[PDB]
Amino acid sequence: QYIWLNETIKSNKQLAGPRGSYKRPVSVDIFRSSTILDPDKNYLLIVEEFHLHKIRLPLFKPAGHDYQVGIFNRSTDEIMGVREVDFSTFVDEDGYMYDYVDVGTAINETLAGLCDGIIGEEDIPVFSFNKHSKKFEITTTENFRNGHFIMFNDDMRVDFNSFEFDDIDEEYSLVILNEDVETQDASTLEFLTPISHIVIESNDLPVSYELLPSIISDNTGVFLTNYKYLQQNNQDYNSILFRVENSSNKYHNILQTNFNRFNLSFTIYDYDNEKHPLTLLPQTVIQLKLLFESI
Amino acid sequence: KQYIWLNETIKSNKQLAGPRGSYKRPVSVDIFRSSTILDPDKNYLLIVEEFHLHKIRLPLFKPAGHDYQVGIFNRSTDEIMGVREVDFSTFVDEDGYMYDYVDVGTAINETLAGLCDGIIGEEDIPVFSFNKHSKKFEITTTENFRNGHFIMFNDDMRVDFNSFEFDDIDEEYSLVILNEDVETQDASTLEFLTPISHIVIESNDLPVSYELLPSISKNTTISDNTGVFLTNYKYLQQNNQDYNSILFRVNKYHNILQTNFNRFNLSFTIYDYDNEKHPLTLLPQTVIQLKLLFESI
Amino acid sequence: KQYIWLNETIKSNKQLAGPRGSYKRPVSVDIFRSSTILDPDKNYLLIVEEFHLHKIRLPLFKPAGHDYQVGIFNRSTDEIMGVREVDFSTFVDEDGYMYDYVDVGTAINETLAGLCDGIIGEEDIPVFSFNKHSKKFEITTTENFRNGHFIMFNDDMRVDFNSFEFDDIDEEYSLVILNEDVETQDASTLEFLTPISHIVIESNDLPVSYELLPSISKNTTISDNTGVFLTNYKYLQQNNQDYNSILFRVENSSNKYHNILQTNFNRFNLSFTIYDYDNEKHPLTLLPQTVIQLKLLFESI
Amino acid sequence: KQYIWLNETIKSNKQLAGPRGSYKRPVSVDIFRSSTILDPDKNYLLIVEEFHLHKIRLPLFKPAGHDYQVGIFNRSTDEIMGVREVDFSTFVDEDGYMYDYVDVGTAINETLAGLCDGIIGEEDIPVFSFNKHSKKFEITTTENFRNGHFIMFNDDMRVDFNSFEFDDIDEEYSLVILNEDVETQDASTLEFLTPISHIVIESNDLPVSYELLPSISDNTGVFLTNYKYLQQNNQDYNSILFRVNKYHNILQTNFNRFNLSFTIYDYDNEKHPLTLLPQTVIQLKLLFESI
Amino acid sequence: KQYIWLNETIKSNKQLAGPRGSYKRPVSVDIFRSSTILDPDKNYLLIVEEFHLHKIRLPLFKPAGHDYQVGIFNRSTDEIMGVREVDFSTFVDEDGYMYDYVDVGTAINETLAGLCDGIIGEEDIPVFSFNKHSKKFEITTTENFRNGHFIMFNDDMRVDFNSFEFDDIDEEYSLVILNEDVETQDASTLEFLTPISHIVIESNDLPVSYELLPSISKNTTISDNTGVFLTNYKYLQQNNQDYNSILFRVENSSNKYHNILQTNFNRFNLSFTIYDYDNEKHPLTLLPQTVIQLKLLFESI
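Residue numbers (the entry's author numbering), protein chains in the order written: chain B, 3 to 217, 223 to 302; chain A, 2 to 251, 256 to 302; chain E, 2 to 302; chain D, 2 to 216, 223 to 251, 256 to 302; chain C, 2 to 302.
1) In angstroms, rounded to a whole number, what distance separates the CA positions of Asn-280 of chain E and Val-201 of chain E?
2) Which partner residues of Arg-159 of chain B appear in the DSSP bridge assignment?
3) On the DSSP bridge list, what partners appear for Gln-263 of chain B?
4) Going along chain D, which residues have a C-beta under 9 angstroms from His-55 of chain E?
5) Roughly how many whole angstroms lie between the Cα atoms of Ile-293 of chain E and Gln-239 of chain D?
6) I need the straight-line Cα distance from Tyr-45 of chain D to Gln-3 of chain D, nearest angstrom please.
7) Given this structure, state the Cα-to-Cα distance separating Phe-167 of chain B from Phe-165 of chain A, to the nearest angstrom.
8) Residues in the region 47-75 of chain C with C-beta within 7 angstroms of chain D's C-beta atoms, listed in sequence order?
9) So who's on the other strand from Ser-175 of chain B, going by DSSP bridges?
10) Indicate whether at least one CB of chain D lies closer than 8 angstroms to the CB of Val-251 of chain C.
11) Check the Cβ-Cβ distances between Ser-216 of chain B and every residue of chain A, and say whether any is below 8 angstroms.
12) Check whether the Cβ atoms of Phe-146 of chain A and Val-105 of chain A lie closer than 8 angstroms to each other.
13) Just to confirm the assignment, what range does the alpha helix (DSSP H) spanning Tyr-102 of chain A have?
14) With 9 angstroms as the limit, tell me which residues of the region 89-119 of chain B have their beta carbon closer than that to any beta carbon of chain C; keep them in chain order.
15) Which class does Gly-119 of chain A belong to by DSSP, given the choice of helix, strand or coil?
16) Closest to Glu-172 of chain C by C-alpha separation, out of C:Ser-218, C:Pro-284, C:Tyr-276, C:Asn-155, would be which residue?
17) Within the 8 angstroms Cβ cut-off, does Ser-246 of chain E reach chain D?
18) Bridge partners for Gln-239 of chain A per DSSP, in chain order?
19) Counting only the same chain and skipping the five closest in sequence on each side, list residues whose C-beta sits under 6 angstroms from that of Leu-231 of chain E.
20) Just the chain A side, please: which residues come within less than 8 angstroms of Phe-33 of chain B by C-beta, in chain order?
21) For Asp-101 of chain D, is the classification buried or exposed, using 16 other Cβ atoms within 10 angstroms of its Cβ as the cut-off for buried?
22) Closer than 7 angstroms, Cβ to Cβ, to anything on chain C: give me those residues from the region 165-187 of chain B, in chain order.
23) Are at least three pairs of beta-carbons, each pair with one atom in the region 55-63 of chain D and one in the region 2-17 of chain C, less than 8 angstroms apart?
24) If you follow the alpha helix (DSSP H) that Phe-193 of chain D is part of, which residue opens it and which one closes it?
25) Measuring straight from C-alpha to C-alpha, what distance separates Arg-250 of chain A and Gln-263 of chain A?
26) Looking only at its chain, what residues have a beta carbon closer than 8 angstroms to the beta carbon of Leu-194 of chain D, apart from the 5 residues adjacent to it on each side?
27) Check the C-beta distance from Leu-297 of chain A over to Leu-47 of chain A and give it rounded, since I have them as a contact under 8 angstroms.
28) Contact check, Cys-117 of chain C vs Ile-126 of chain C under 8 angstroms by CB: the rounded distance?
29) With 8 angstroms as the threshold, decide whether the Cβ of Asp-42 of chain A is near any Cβ in chain B.
30) Are at least three pairs of beta-carbons, each pair with one atom in the region 210-224 of chain A and one in the region 32-39 of chain B, less than 8 angstroms apart?
31) For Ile-81 of chain A, list the residues DSSP reports as bridge partners.
32) Going by the beta-carbon positions, is the gap between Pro-196 of chain E and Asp-277 of chain E smaller than 8 angstroms?
33) Within 10 angstroms of the Cβ of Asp-182 of chain B, are there 16 or more other Cβ atoms? Answer buried if so, exposed if not.
34) With which residues is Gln-186 of chain C paired in a DSSP beta bridge?
35) So, is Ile-302 of chain B buried or exposed, given that buried needs 16 or more other C-beta atoms within 10 angstroms?
36) Provide the residue span of the alpha helix (DSSP H) that contains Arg-147 of chain E, from first to last.
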């Protein structure tokens, strides 16, 4: 026996707020007059599909990183200076950033402020994001490359690993520049994104919880599905579509048969395990299809 | 274990469909057999193995669901010169749909040209357009416009054409950051413009178990609402193609409640993102194919 | 559970198939075993695990299906100068097929040129054609033609060459919007032209359950009809390739099983058959160079 | 329900395989265990979960299969000037194979050049060649050649190099239409030219249910797996990876020894083994699944 | 029937793993639950659903495995002028690995340049190098070098850099055919250079059935060897990326189940291990920025 349950959420300006400023969590109450399941049977739950049409996800989270840029002199053979990359001007209230151009601007302003006293404005290097290639780029003069190197610390080195590097120190590495415009060997947006996965969870649905580590552990958490997210490009706004294939093992046992209501909520888990709820926009449309399959 | 396969097909012509499909005839099939289809002692599941909607027409855009507004900002005086609501009424068909993204771009452009009429000199009027080859919208401007003015997109414009670079200025409006004569999107956004969500096969008289639905009443939460659906095909708009040939090939089972039938109807239906349903209709050139599998447990 | 695999092959040559496969010999395989294939005590499901139609020729267009018409509009006088039906009769072989999209483009171009022969000067006659590289049709015009006139497509032409930009004048006719000297399609429309729907393996003497089909009559809905179908491969015309090498392999956990009814047999025939969109069936014919592989599975319950 | 996995591997060296695999040592593994593999009471199915043929060499062409012929037509006189057969014998190895599509393009070009040697001058001799970048064969000509002459392909050339535009003059020969200096193919046709049909793992001593084969017939042949090979590019040396309901019945559950070979079937069905190289590292993972 | 889901995650920092992961701490996690995990009466299978090795370093080349040799040939005198062995020792790390194909290109180049020292002019010395953009090795030469000489690759080089156009002269050595200033490979060969074969999850103290391995010894061809393996991720080197973010999800190849032998347990240890093509094993090691995620399915029968 296959029991199918469709659900939808609309939105508008009045429910969500301008630019979704009310941060209303994505949630649906399911509520039926009749009972949903047959008392004499045992049911596995699986989420067959969902569609998160028109939502806004963050692209970068400064708190998790400790970036540091520096300048190295080739004649004198020493470190001239090192500065910490200051994101506080570009961050929203919740500690997020929504554009990889701005990650590049932050890194650039730190780099420009460091070379203010030391190097002439003609040769101050420029760090920027290229919208077309999805790659960060370093733009420099020939005078700069003969005189100096740009230095990255390890956090920078790892997240922007597609540049060519030379290790000088336990921490710091030199960026090897051979041309006016130097770009990344490969995109590294996967390394920058804080989003790990999006999850459907219910406080009141009688379903066997998944086993977790501690905040030794006896900890548990309700998870109906587990969507792994990957930042493909610089798109702040997204339309995320999920559909299972022929033999997905992603079932969950239902412990009690007799219920006529429950709540479903969409939540985002970051790479540092800070969970936060997915919120509506005026234009958001959410769709959802649960299967209850008898054993 | 038993595999009963039921093929079915619809040919079309000008008589059935009308010129350009103007009769709006629903896609539908009666399957009528002399013998009974299923064996009385078994229980069966139903899955749609494949279908083909060869030569059909689908809408590319539905203006009713959007509130697009463009505006001009003056950098010298640092204030809003005007804001106008984009008017799609001269581009829309009788059922509220549009069928070309070049036309979506023209609609936006004419609003922009009307808004700039007295306020900016003709040579410096910016041009909004859809690029057929890249499937991206573009803004074309003079350097003299860029030094003087910004184009303003409201929140709905902001979201649906999100791959331009923006700068917020208040609760509602956002400035389009232009640095070159031709400025284009970083990424196609046709998925944000299409109104078509899914195509569904349904039936009024096939003895098959319903799916549970949220209530018809949009305010109330309680629901005893159901509906027959045999399959659920998610549609994604890949490009600027009005006319399509949709092909589907195959967990998606449905229980058959009673065994004693030889008649049923099948109808293809389109659901939009605003949940309004409407029938898939024929063209003269439409050919439709369909394959059901009744599978015994 | 039991798995009984049955590999099979077909070779060919000039004598068997004829020059360029001109004898039209159907692809057919007598399987014949000395021993009985299946064990009497068990029930068996049949699935075609893979095949390979190496080096065959399929048609790309079938003029019978289509009612193409082109016209010329005059923008000065704002009326139709003329309209003509597109005639393929010279390009078509015996069977009613065409085998190259360059020819499809030529036939439309001829019709268009013959329509402009009296009226418009030879220097700015428009040129319809098929671009081999992009797999897209193209309209080549002069600026003088564009200012003066429009090319008209009818409803059938409109649908099958849908990627051009169009303005609809009438219930029937549409004007092709041209802004530049060489105008092309937004997207490939070869899927709208290929007459091949699917390719089928059917046996005239294998004890296997038949698929239910709709009635032969256009007038009656009540159906008794049935057909033998072992597999049903959906074909899609990717490019302008006349000759093809078609390979099918069953994905993990498909449902394309048929019940076998009788458990006692040691011979059966397998033909390969092509269905078109108009439901006209015709057999897959050999070439001299045609190798054909095939692999059935008989799976017990 | 029981899953019993059997990892296996092969290594190699100069002394085992020879310079450029010149010994032709077949790929083979003797599995031999102290304990009995399977339970005596149960029934088992055999599926090959994954194999990796790392650093191997496979032929790209086999002239034996093909009967190519080229010709020159004259447009002024309107008649066939000559027809020569394409001789591959200079580029072929001992086993009848060829290992690069540029050499396939050269062989046809030498035949084409030899046919125009007496008739047309060197300035207008057409040039047949393989483009390494596009994976497509090209015909280079002059304007003087195109106005005067055509190039004739026979039916076997016509089917394997089908992407060119053609005009049929008779039952065997077809003119290649040419409008520019460098004319090329509509699409890649390496799938036509490759003689490798599939790659098979076959035993000679394992108790497993055989697959029914043709010859009236009563033949049978043991095959543990079947990998369908397709030629993606002009890469002579390869690294073939396979990961997976391709099951087989194990007839007897009392054994602890068998010999797994690797074999290459061609489109003419002529079978031959997969030979090692010094650098080769072959991997394999069988599954025994219970009922 | 029952589906028990076990989630596990690992974080890191400077103190834990060391600057650039200098301490080489292996990736390992202890699962310790106060309750028993499984129900006594049922029989459970184990499959790994998904893991995510976020921000980790992996080697791209392992010189020990190869014996590369380069040579110079003289076209005038028609003989070998010399053959040097490619020395990687100045580029390798402590553990025998190289983390950049640019550096593999330089190694070959230094060897090639040193071999031309006495014999060829500074301008006409050929240059071998890796192209970051195309992922292909290139040979930059003068017209004067090509008219006078050829570069010679031994068999090991010939295989791993097979996409150049070669010509055999003897059993070991092969000329590289060069017709332009810059000559590139026809296709990528990074698959031929990577030493990482697969990444593996294993456990010393989980009661689960072991897989059957071949013999440790060269002498006795008979085997008795077994190993504990929870999953087997086949790795493929896409590009020149030193640092990686490896995601696995069981979508297809879902046969990778393992029989749990004992139901009575509440604790085990999961460790990540890398196997190379010479079958040497070494652990996966953390970095300060590494985050590892894991999900296990215990499924009953």
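We treat Cβ as the ideally placed atom computed from N, Cα and C, and that holds for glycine.
Taking the definition as stated:
1) 12 angstroms
2) Partner(s): none; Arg-159 of chain B has no beta bridge.
3) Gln-263 of chain B is not bridged to any residue.
4) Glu-192, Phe-193, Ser-198, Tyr-278
5) 21 angstroms
6) 9 angstroms
7) 33 angstroms
8) none
9) B:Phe-154, B:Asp-169
10) no
11) no
12) no
13) 102-116
14) none
15) coil
16) C:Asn-155
17) yes
18) Paired residue(s): none; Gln-239 of chain A is not in a bridge.
19) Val-49, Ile-202
20) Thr-222, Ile-223, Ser-224
21) buried
22) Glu-166, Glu-172, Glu-173, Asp-187
23) no
24) 191-194
25) 27 angstroms
26) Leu-61, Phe-62, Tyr-102, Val-105, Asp-161, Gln-238
27) 7 angstroms
28) 5 angstroms
29) no
30) yes
31) A:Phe-74
32) yes
33) exposed
34) Paired residues: none, contrary to the question.
35) exposed
36) 144-149
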